[PDB]
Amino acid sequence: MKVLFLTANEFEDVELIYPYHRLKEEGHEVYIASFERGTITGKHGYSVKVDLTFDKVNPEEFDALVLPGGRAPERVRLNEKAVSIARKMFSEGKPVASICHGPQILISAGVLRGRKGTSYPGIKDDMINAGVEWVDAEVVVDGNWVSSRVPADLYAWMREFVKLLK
């Protein structure tokens, strides 16, 4: 299965790298999409290469979506193309994994009303204002949406997402 990542500079390093490798282990093809070609750098200094830009992404060519946290979501959520990618994939019922600030992108896509999930505790009120029934758990599974809160939840986060992709 082809998994797409929507991220940018200042992403939370492990929230991108962990799922990237965890999914590759299963045989899934992983792709990193961002504003421009070249590379992006995490808040901790890890550098990763961008596979394609938001503009070149066709939501229909991917089967799953992963939204890492960090400061990147606040910039990504202002990009019409990136938000539409997430809106389409999420609404189509495709698997979507989010952690930390990653769901800010889904908030902006306007697809979370009535959904159940979690996020970085610091933005729980924004998730709630978007219609999310917020849960304080290491991992929440709501249909196609698997969400976690912080790096400490990584193990549980992909444990559930991997199952969904099987």
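Quick note: we count residues from 1 along the sequence shown, nothing fancier.
- Higher mean CA B-factor, judged across 96 to 104 and 44 to 52 from the recorded values: 44 to 52.
- When the C-alpha B-factors of 124 to 132 and 59 to 67 are averaged, 59 to 67 comes out higher.
- Per the deposited record, the Cα B-factor of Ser34 falls in the middle third when ranked against the other modelled residues of its chain.
- Among the modelled residues of its chain, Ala137 has a C-alpha B-factor that falls in the highest third, as given in the PDB entry.
- Annotation for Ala82: C-alpha temperature factor in the middle third relative to the rest of the modelled chain, per the entry.
- Ranked within its chain, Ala8 lands in the lowest third, by CA B factor from the PDB record.
- Among the modelled residues of the chain, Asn144 sits in the highest third by CA temperature factor in this PDB entry.
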